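As structure tokens, one chain now follows by itself in the form deposited in one PDB entry.
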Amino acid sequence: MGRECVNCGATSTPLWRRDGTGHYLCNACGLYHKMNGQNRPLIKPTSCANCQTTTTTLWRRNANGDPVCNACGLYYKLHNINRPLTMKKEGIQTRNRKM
């Protein structure tokens, strides 16, 4: 919901980010700020091996080398136990950060 990059006005991106003052830049635009200390010169031209879902905000790799949904890779790394197919939840839930 509703975020448009503060430099290039992008609307989608592999992964969002923020700068020192906590403004939402797209990936490339932010990975540019951390590194160069400069607004990025615009001019800018699968399923979980565990729960078999095709929807996640972040893909990872199981101990094997295969893509696992978010939820899963976190679960395993934390319980050293494949995440039950019971914890499976519906749709998507979102959250509001802010430093």
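Whichever C-alpha set is largest while still superposing within 1.5 Å between the two forms counts as the rigid core. Note that residue numbering begins at 1 and tracks the sequence as displayed.
The discussion below concerns the form deposited in another entry, not included here.
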Item checked: Is_shifted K88 between this form and the one not shown (CA, 2 Å cut-off, rigid core) -> no
Notebook entry, point to check: When the two forms are laid on each other by their rigid core, does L74 show a Cα shift of 2 Å or more between this form and the one not shown?
Noted result: no
Next item on the list: Tell me, please, whether between this form and the one not shown the C-alpha of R61 is shifted by 2 Å or more, with the rigid core used for superposition.
Entry: no
